[PDB]
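A.B. asks: pasting the sequence and an experimental structure:
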Amino acid sequence: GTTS
Amino acid sequence: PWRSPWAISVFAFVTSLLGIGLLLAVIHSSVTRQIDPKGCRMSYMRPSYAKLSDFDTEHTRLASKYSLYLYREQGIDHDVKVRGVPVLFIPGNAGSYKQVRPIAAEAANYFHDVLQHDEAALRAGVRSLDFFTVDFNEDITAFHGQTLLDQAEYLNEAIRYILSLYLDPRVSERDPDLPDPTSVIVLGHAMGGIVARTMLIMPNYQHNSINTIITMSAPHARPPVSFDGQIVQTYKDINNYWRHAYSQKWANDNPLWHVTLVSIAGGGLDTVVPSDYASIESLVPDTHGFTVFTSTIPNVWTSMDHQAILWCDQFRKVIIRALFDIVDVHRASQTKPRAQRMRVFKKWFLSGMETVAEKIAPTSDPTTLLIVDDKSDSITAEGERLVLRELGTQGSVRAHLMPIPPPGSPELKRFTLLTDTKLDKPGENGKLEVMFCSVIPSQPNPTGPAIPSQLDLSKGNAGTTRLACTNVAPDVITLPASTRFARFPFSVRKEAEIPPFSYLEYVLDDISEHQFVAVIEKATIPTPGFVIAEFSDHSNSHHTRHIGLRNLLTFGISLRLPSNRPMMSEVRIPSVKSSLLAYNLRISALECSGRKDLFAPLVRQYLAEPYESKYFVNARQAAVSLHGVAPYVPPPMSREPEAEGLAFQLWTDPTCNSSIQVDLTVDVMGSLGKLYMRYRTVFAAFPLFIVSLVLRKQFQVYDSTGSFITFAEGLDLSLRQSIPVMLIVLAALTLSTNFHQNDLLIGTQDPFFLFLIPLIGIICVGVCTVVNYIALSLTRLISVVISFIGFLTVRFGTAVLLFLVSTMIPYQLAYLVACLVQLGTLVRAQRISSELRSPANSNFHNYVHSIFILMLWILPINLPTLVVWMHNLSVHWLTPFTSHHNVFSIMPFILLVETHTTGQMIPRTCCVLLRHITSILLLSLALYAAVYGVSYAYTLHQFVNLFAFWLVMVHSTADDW
Ligand SMILES: *NCCOP(=O)(O)OC[C@H]1O[C@H](O[C@@H]2[C@@H](OC[C@H]3O[C@H](O[C@H]4[C@H](O)[C@@H](N)[C@@H](O[C@@H]5[C@@H](O)[C@H](O)[C@@H](O)[C@@H](O)[C@H]5OP(=O)(O)OC[C@@H](COCCCCCCCCCCCCCCCCCC)OC(=O)CCC/C=C\C/C=C\C/C=C\C/C=C\CCCCC)O[C@@H]4CO)[C@@H](OP(=O)(O)OCCN)[C@@H](O)[C@@H]3O)O[C@H](CO)[C@@H](O)[C@@H]2O)[C@@H](O[C@H]2O[C@H](CO)[C@@H](O)[C@H](O)[C@@H]2O)[C@@H](O)[C@@H]1O
Ligand SMILES: CC(C)CCC[C@@H](C)[C@H]1CC[C@H]2[C@@H]3CC=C4C[C@@H](O)CC[C@]4(C)[C@H]3CC[C@]12C
Ligand SMILES: CC(C)CCC[C@@H](C)[C@H]1CC[C@H]2[C@@H]3CC=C4C[C@@H](O)CC[C@]4(C)[C@H]3CC[C@]12C
Ligand SMILES: CCCCCCCCCCCCCCCC(=O)O
């Protein structure tokens, strides 16, 4: 995934 | 004669135009002038949260409203088990529990990548950090004090649950020989830092359960707004608790003896919480905590938002490294002792050039013995700078030994070394190693076995002088890389980051026991790198400019540092202390003749009062904004005269043989825009100073002539005599061991800042005029809607309110409803006055309008409590209300609004005594709003309630009710  | 409510005097219009103009100039120049560079690199992660749903209403009543989560980073944390040190993150006013993503992910990754393989660090007691985060439903703590207390109580119970987790084999996997955890590390953001401090004074606090508090952008010194009395009282409680506890002489009597509090402030880019309020200098002694700005944190060197302080990449790396250097799972409190924690926090958060900085190498154990020939080719003459323009010219390991001058001379001397090359740690091979060498006597005098001591022999002959040498890597000061291709101390792109400079600064007395400073050039092939080392005299390097603030603001200050100046120069202006004044710094071009300079000039703009240093790489033109003596914060503690005011530390290449010019002038518009953070809260109370003086003039003329003039006409009459006189009284009031000296009026008793009283007065005059016109427009607009409904019809065709407040309605909802009913009465009065245009109908309209303006200027204070109550209803939380306080806080307004709906005009006013009571009450309200309005804005509702009660008494029995 990965978010900020 | 009938004078329109819309008409305004030229005098009152011009003054209101200047007030609105000065408001726009302050607001505009606070978002465009003296703005710090933004240098936060975005952080990305894979978030996951495990709700600890077994922490329920059996443990605390608030668990039906609040929730606790364990952060799990996907790909690193594969199960919901605790395996390390518990850390608790507390979000701020309307913050999210999900704001723990960046700091918790960095901790999860760093232990995975580095520490879990480091067997020595694991042997020393380092484990994972378990990040627990708390869901407060985005509750507004800054505006409600019972919310703050509820959060603190919930989190004390949550800490008990968290520490119970480490007792359960089904939830905890730890080494069996480890002690049980008895403490949690608390990281708080904004009002979370206050919840963290509030937690230690609550009755359900478990002793020794918190020893480490780190807060990011938390207003420790002062409440952000004072709209709630419980917030103000809780701030008094916690601030008094810290001050009283740390004022104890015997540590056993000090409840906060083992507690360290570190306050990190975003700086000038933080527009939610003023960075002035983050100062804990009046709360925590330097042995137990400090306030640091993100602009002085090494490898961060940037200012931050309120929200960016959590997700900044550079900052999260630093905070995680600091947190990993304090944990110790061999101790039941999962941290190192208090002094060791303070030393680590100073290493990771501070520049290293502070007075509280500790020097390790001068008095530590030697780590190498250097054998060097007796020919003394390495040993240079005293008083010569060592300049290495390239590393590895000769092709062999070299030693440059610089003899330390004898301490016989009285004047203070320093050794300074600057290099762009990384300095080798002990027992490591690199390009460069710097070390303090002491002569080993040729006589076989017994000493330590020197088993850790490695040996470097560069003699290659029969001379073979022996030196015991200590590596200085422990005390290296990291400086931002100042090259010609650099503009900021940071880099938002990781690829473009320049490896920082290395700096050593020592007082001669610290290292006098040694005999040499050895710069070991280990490079063989020519590689880029420079080294400058020298001893300098305090007279040659440090300059102080004793120039008054008046002359500095008039002319500015200009210096000419000579060509024969050291690498590092300091310029101190002791008269630059205010946080309200901003400057412009200019550094002249370095006309390096022939050769290029080894590095570009570096300027460190720093204050000792909080730890705020700002770096300007390749400095030519710098905006100087400092967080010094702020208005409403507790007074600064005592300091030596050598640490007062603002200082600039300058690094230039000393081999250029060119003088440098430093200019410092005042930035008038930047200084003007500095006022927004400091005085924004003045505008919930101080416009009531103008309104009360206008209502005083309206009632004076009415009681004397029987014509109740319009608000604009009352303002015109007040600006001529009444308002100017009472601003002079406020100025005279300001001129006439206490930590609350700075809570009243303009926050400062300094005479220089007396112009702030006229400034605030004129801006408040403009704001009151604008709000008057807004209310007139709203009345006319509702009247137009009513007339339009009437035409559409024509062409196409009590005493119960007391019961409501006592049961469930907070008096703020009743106050809003009273304001709406007053607006309805105002619309009715305006319509009647337009239809009939009687002098009696103009009086009632003007009177109702002025009372509406008075009611409307209190609504800002009451509105925050409505949003809290509506939110709690949404969450299904019910808060009981004390009927005695609700009824007495709203009944005078209810009775006044009812009397106005009956259409009764205030009776005109032993009779002169009743005439003077209205004047005295309104004068006292004006003065009270001006003086106690910033710090005690919650009392204005009660005082205006008292005024509404008197007007109900004049209405009743001073006439036929
Ligand atoms: N990766 C890692 C991470 O990342 P992220 O996260 O993604 O990040 C990044 C990003 O960012 C951004 O964005 C962001 C994001 O977000 C997300 C998030 O979300 C959430 O969280 C959130 C929360 O929730 C919220 N709430 C917030 O919070 C906060 C907290 O935190 C804190 O703590 C506290 O403190 C606070 O701050 C809070 O907030 P609040 O509370 O809410 O708010 C506050 C403020 C604002 O408010 C407003 C106010 C109101 C209004 C009113 C006013 C008044 C008015 C006036 C008057 C008028 C009247 C008229 C009259 C007439 C009558 C007659 C009749 O506050 C403030 O600000 C204050 C100030 C202002 C105010 C006031 C003033 C006034 C006045 C004054 C006057 C005058 C005076 C003057 C002068 C005088 C003097 C002179 C003479 C002498 O926030 C947070 C965030 O963080 C969560 O999530 P959830 O939960 O799931 O969800 C929920 C939602 N809600 C978390 O988790 C997350 O994370 O995103 C978004 C989108 O969506 C956005 O939006 C945000 O922002 C961006 O970027 C950025 O970043 C940073 C930020 O963050 C920065 O730094 C940078 O730079 C950039 O920009 C993006 O792009 C990114 O990506
Ligand atoms: C700086 C402050 C004054 C901002 C408010 C400006 C606006 C709302 C004010 C300033 C001067 C005002 C005008 C002054 C005089 C009159 C004459 C009157 O018979 C009708 C309204 C009218 C035409 C006013 C309308 C509103 C007005 C234009
Ligand atoms: C006569 C005029 C000035 C009255 C209008 C002022 C009202 C609408 C304003 C003034 C200050 C405002 C508050 C300032 C900031 C916050 C924090 C936020 O998290 C919730 C809303 C809340 C609590 C605002 C509610 C509305 C508020 C009370
Ligand atoms: C006309 C009325 C204007 C009054 C000005 C009020 C300014 C409000 C300031 C907001 C306080 C900070 C909000 C929460 C911040 C925190 O979490 O600490």
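C.D. replies: Yep, it's here. Numbering: from 1, shown residues only, chains lettered A, B, ... in the order given. Ligands and ions are numbered 1, 2, ... in the order given.

A.B. asks: look up the closest residue to the residue of the stretch 351-500 of chain B found nearest ligand 1, ignoring the ones flanking it.
C.D. replies: Using Cβ to the nearest ligand atom, the single residue of the stretch 351-500 of chain B nearest to ligand 1 is residue B:492, 11.1 Å away. Every residue, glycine included, has its C-beta placed from N, CA and C. Distances taken as Cβ to Cβ, 6 or more residues apart in numbering or on different chains put residue B:41 closest to residue B:492, at 5.2 Å, once the chain neighbours are dropped.

A.B. asks: can you check residue B:772 too?
C.D. replies: Spatial nearest neighbour of residue B:772, chain neighbours left out: residue B:711 (5.2 Å); criterion: Cβ to Cβ, 6+ apart.

A.B. asks: for burial, what's the neighbour tally of that neighbour?
C.D. replies: Residue B:711 has 26 neighbours, counted by other Cβ atoms under 10 Å in any protein chain shown.

A.B. asks: what's the offset of stretch B:614-630 from the middle of its chain?
C.D. replies: Centroid separation for stretch B:614-630 versus its chain: 17 Å, with Cα atoms, centre = their mean, to the nearest Å.

A.B. asks: does the residue nearest to residue B:492 touch residue B:497 like I think?
C.D. replies: No: judged on Cβ atoms under 8 Å, residue B:41 makes no contact with residue B:497 at a distance of 9.3 Å.

A.B. asks: give me the common contacts of the two.
C.D. replies: Jointly contacting residue B:41 and residue B:497 under the rule Cβ atoms under 8 Å, 6 or more residues apart in numbering or on different chains are residue B:491.

A.B. asks: quick one: which of those two has more around it?
C.D. replies: residue B:41 (18 against 14).

A.B. asks: any idea which helix or strand carries the more buried one?
C.D. replies: Assigned by DSSP states H and E, residue B:41 belongs to no helix or strand.

A.B. asks: how about the contacts made by it?
C.D. replies: B:312, B:313, B:314, B:491, B:492, B:493, B:494.

A.B. asks: report the buried members of these.
C.D. replies: Burial by neighbour count, judged by 16 or more other Cβ atoms under 10 Å in any protein chain shown, picks out B:312, B:313, B:314, B:491, B:492 from these.

A.B. asks: which of these fall within helices?
C.D. replies: B:313, B:314 (DSSP state H).

A.B. asks: tell me which two of the buried ones among the contacts of residue B:41 sit farthest apart.
C.D. replies: The largest separation in those, counting by Cβ to Cβ, is between B:312 and B:491 at 12.9 Å.

A.B. asks: need the contact list for the closest residue to ligand 1 within the stretch 51-200 of chain B.
C.D. replies: Ligand 1 sits closest to residue B:92 of the stretch 51-200 of chain B, with a gap of 2.5 Å, by Cβ to the nearest ligand atom. Residues near residue B:92 by Cβ under 8 Å, 6+ apart: B:141, B:142, B:188, B:189, B:190, B:191, B:192, B:218, B:306.

A.B. asks: I'd assumed residue B:91 was in contact with the fourth one.
C.D. replies: Yes: Residue B:189 is in contact with residue B:91 according to Cβ under 8 Å; the separation is 5.8 Å.

A.B. asks: list residues touching both of the two?
C.D. replies: By Cβ under 8 Å, 6+ apart, the residues touching both residue B:189 and residue B:91 are residue B:99.

A.B. asks: what does chain B put close to ligand 2?
C.D. replies: Contact residues, chain B versus ligand 2 (Cβ under 6 Å from any ligand atom): B:4, B:6, B:7, B:8, B:13, B:16, B:17, B:20, B:766, B:769, B:770, B:773.

A.B. asks: returning to what we had before: and of the buried ones among the contacts of residue B:41, the nearest to ligand 4?
C.D. replies: Distances from ligand 4 to the buried ones among the contacts of residue B:41, taken by Cβ to the nearest ligand atom, are shortest for residue B:312, at 18.0 Å.

A.B. asks: against ligand 1, how distant is the residue nearest in space to the middle of chain B?
C.D. replies: When Cα atoms, centre = their mean is applied to chain B, the residue found nearest the centroid is residue B:275 (2.3 Å). Taking Cβ to the nearest ligand atom, to the nearest Å as the measure, residue B:275 falls 13 Å from ligand 1.

A.B. asks: what's the helix or strand for residue B:528?
C.D. replies: Assigned by DSSP H and E, residue B:528 belongs to strand B:527-537.

A.B. asks: before we move on, what SS does the residue lying farthest from the centre of chain B have?
C.D. replies: With Cα atoms, centre = their mean as the measure, chain B has its most outlying C-alpha, relative to the mean C-alpha position, at residue B:797: 63.9 Å. Secondary structure, DSSP: H, G, I helix; E, B strand; the rest coil: residue B:797 is coil.

A.B. asks: check the one 5 residues further on too.
C.D. replies: Following three-state DSSP, residue B:802 is assigned to helix.

A.B. asks: state the distance from it to residue B:563.
C.D. replies: Distance of residue B:802 to residue B:563, given as Cβ to Cβ, to the nearest Å: 84 Å.

A.B. asks: returning to what we had before: now do the contacts for the residue nearest to the residue of the stretch 51-200 of chain B closest to ligand 1 when sequence neighbours are not counted.
C.D. replies: The spatially closest residue to residue B:92, leaving aside those adjacent along the chain, is residue B:190, at 2.7 Å (Cβ to Cβ, 6+ apart). Neighbouring residues of residue B:190 by Cβ under 8 Å, 6+ apart: B:91, B:92, B:93, B:95, B:142, B:216, B:217, B:218, B:219, B:272, B:273, B:306.

A.B. asks: top of those by number of neighbours, please.
C.D. replies: Of all those, the highest neighbour tally under other Cβ under 10 Å goes to residue B:217, namely 31 neighbours.

A.B. asks: isn't that one up against residue B:273?
C.D. replies: Yes: with contact defined as Cβ under 8 Å, residue B:217 counts as touching residue B:273 (5.1 Å).

A.B. asks: spell out which residues are contacts of both of those two.
C.D. replies: Common contact partners of residue B:217 and residue B:273 (Cβ under 8 Å, 6+ apart): B:190, B:266, B:306.

A.B. asks: buried sites along the helix or strand harbouring residue B:665?
C.D. replies: If you go by DSSP H and E, residue B:665 is part of strand B:660-667. The neighbour-count check on strand B:660-667 (16+ other Cβ under 10 Å) flags B:660, B:662, B:664, B:665, B:666, B:667 as buried.

A.B. asks: which residues in the stretch 801-950 of chain B form helices?
C.D. replies: For the stretch 801-950 of chain B, helices defined by DSSP state H, counting those that start in this stretch occupy the ranges B:801-807, B:811-836, B:839-856, B:859-875, B:883-901, B:911-932, B:939-955.
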